[PDB]
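Take a look at the structure set out below.
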Protein chains: 2
Amino acid sequence: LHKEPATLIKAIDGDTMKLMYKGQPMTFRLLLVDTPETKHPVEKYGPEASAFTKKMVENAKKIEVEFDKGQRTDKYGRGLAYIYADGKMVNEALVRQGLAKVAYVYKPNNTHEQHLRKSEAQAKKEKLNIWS
Amino acid sequence: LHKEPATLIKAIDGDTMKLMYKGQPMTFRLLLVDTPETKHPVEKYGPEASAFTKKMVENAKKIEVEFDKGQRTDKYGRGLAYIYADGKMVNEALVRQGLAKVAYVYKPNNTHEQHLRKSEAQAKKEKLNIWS
Ligand SMILES: Cc1cn([C@H]2C[C@H](OP(=O)(O)O)[C@@H](COP(=O)(O)O)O2)c(=O)[nH]c1=O
Ligand SMILES: Cc1cn([C@H]2C[C@H](OP(=O)(O)O)[C@@H](COP(=O)(O)O)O2)c(=O)[nH]c1=O
Ligand SMILES: [Ca+2]
Ligand SMILES: [Ca+2]
């Protein structure tokens, strides 16, 4: 796996954002996590998660995307990646805060599954947000 | 944020101590500050800060811990908190004396950041210890 540059266009919610990738606007969805819903007819913590992600990506010097080993886009045409803001994985950051659950683990896009799972466990142990 | 009871087990240095929290021994590290080093291969004021903290927590009737809004432990498994000795925040007391600098401000655990920064400013104006 390798990290590639991208440019933030717009934060959408906790786990979705619009990025400029290779000179094309693309919706990206975070691999291996689910932040709570705020669009589809609002879950508890859905708003917080969004704010968190929005802040984390807006404030970054650099945004990078890292595809996994399998599919790079979902059925909705969303890029599927691990996305890093100045080197800190957004996917992990959310989970570590109890603002996301590890979810949608579709092989073979599961390289960071164990890392994320352990962040989840700590968050759960610390009774943070979703786990509170 | 809410204050929770704990029991002193041992003062370690200026910004680290061992407490009994919910019936288990844990190392705790003070949020938002850094006292000078005395362990890792001895900075100026390190010994002074240790003594201050040790005195403040040993003489207390009650010790309380106050977690902030995010992570409750660091990578070393140390609890991250605002610690209060008879209602007095140890973190602030140190800063107020110029025995610690405000440091390691890692969002979102930054609730008392401003209060501490003001204490620091006064300690600096007064040319205390580290700022002397
Ligand atoms: C994270 C992820 C989501 N998805 C799909 C699964 C869900 O589709 P369905 O809605 O049709 O079940 C949806 C979850 O995304 P959201 O959490 O953005 O809704 O996106 C993937 O196909 N692969 C992925 O890796
Ligand atoms: C105060 C604090 C320290 N730490 C870490 C940062 C430093 O890690 P590194 O040692 O890996 O740089 C270390 C500083 O504490 P000390 O002053 O006890 O060294 O503890 C946190 O991760 N979060 C915190 O809130
Ligand atoms: Ca979601
Ligand atoms: Ca220190």
Side-chain angles (χ1 to χ4, degrees), chain A residues 11-17 27-54 74 76 78 80 83 88 90-91 93-105 119 122 126 130, chain B residues 11-18 26-54 65-83 89-92 94-95 98-113 116 130:
Chain A
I12 295 157
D13 74 340
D15 57 19
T16 314
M17 64 195 72
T27 303
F28 278 83
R29 173 71 171 70
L30 295 179
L31 283 175
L32 301 186
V33 308
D34 188 25
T35 44
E37 185 67 50
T38 70
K39 297 319 192 175
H40 196 123
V42 182
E43 306 188 298
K44 234 236 158 300
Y45 292 116
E48 289 71 21
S50 295
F52 183 94
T53 299
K54 183 183 194 288
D74 68 14
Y76 301 101
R78 295 182 305 177
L80 293 174
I83 294 167
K88 181 166 185 40
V90 177
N91 320 49
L94 285 166
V95 166
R96 179 59 178 92
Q97 296 294 321
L99 293 175
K101 279 168 170 223
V102 163
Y104 297 115
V105 196
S119 283
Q122 196 52 41
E126 309 178 348
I130 283 177
Chain B
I12 296 165
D13 73 341
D15 62 18
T16 312
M17 66 192 73
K18 167 83 85 197
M26 295 199 45
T27 303
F28 273 86
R29 169 70 167 81
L30 296 180
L31 278 172
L32 298 193
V33 307
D34 187 31
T35 49
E37 190 56 58
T38 70
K39 294 321 190 179
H40 202 125
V42 182
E43 304 183 303
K44 222 199 139 100
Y45 294 106
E48 283 73 26
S50 297
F52 185 92
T53 300
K54 179 182 150 49
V65 297
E66 177 184 68
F67 295 101
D68 208 323
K69 290 155 187 328
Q71 296 101 320
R72 297 178 167 198
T73 57
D74 71 11
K75 60 187 177 227
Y76 303 100
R78 292 183 302 185
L80 294 170
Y82 304 109
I83 312 192
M89 199 199 304
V90 176
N91 319 47
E92 190 278 338
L94 288 158
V95 167
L99 291 172
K101 285 179 195 183
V102 166
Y104 298 116
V105 198
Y106 296 142
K107 276 162 178 179
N109 290 330
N110 75 351
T111 297
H112 291 312
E113 188 189 352
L116 294 165
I130 290 183

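Values below: all heavy atoms of this structure, side chains included; hydrogens, waters and symmetry mates excluded. When a ligand or atom number is given, it counts from 1 through the structure's own listing order. Here is how names work: the chains are called A, B, and so on, in the same order as the sequence lines, proteins then strands, and each is numbered from 1.
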Answer yes or no: is there a side-chain heavy-atom contact under 4.5 Å between A:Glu126 and A:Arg96? yes
Determine the minimum heavy-atom distance between A:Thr35 and A:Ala100, stating which atoms define it. CG2-CB, 3.9 Å
B:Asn91 side-chain N/O to B:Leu31 backbone N/O, donor-acceptor pair under 3.5 Å: yes
Under 3.5 Å, is there a donor on one side chain and an acceptor on the other for A:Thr38 and A:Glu43? no
Residues around ligand 2, heavy atom under 4.0 Å from any ligand atom, sorted by chain and number. Can you pull those? B:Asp15, B:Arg29, B:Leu30, B:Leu31, B:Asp34, B:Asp74, B:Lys75, B:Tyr76, B:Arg78, B:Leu80, B:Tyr104, B:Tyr106
Parallel, tilted or perpendicular for B:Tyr82 and B:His112, by the 30°/60° rule? perpendicular
Whether B:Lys107 and B:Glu113 form a salt bridge (side-chain N of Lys/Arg under 4.0 Å from carboxylate O of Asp/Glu) is what I want to check. no
Nearest 0.5 Å, what's the CD1-OG1 distance between B:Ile12 and B:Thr53? 11.0 Å
Supply the atom-to-atom distance B:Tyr106 OH to B:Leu80 CG, rounded to the nearest 0.5 angstrom. 10.0 Å
Near the Ca ion (ligand 4), which protein N/O/S atoms are found at less than 3.0 Å? B:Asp15 OD2, B:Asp34 OD1, B:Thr35 O
Examine distances only and state if a side-chain atom of B:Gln71 and a backbone atom of B:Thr73 form a donor-acceptor pair shorter than 3.5 Å. no
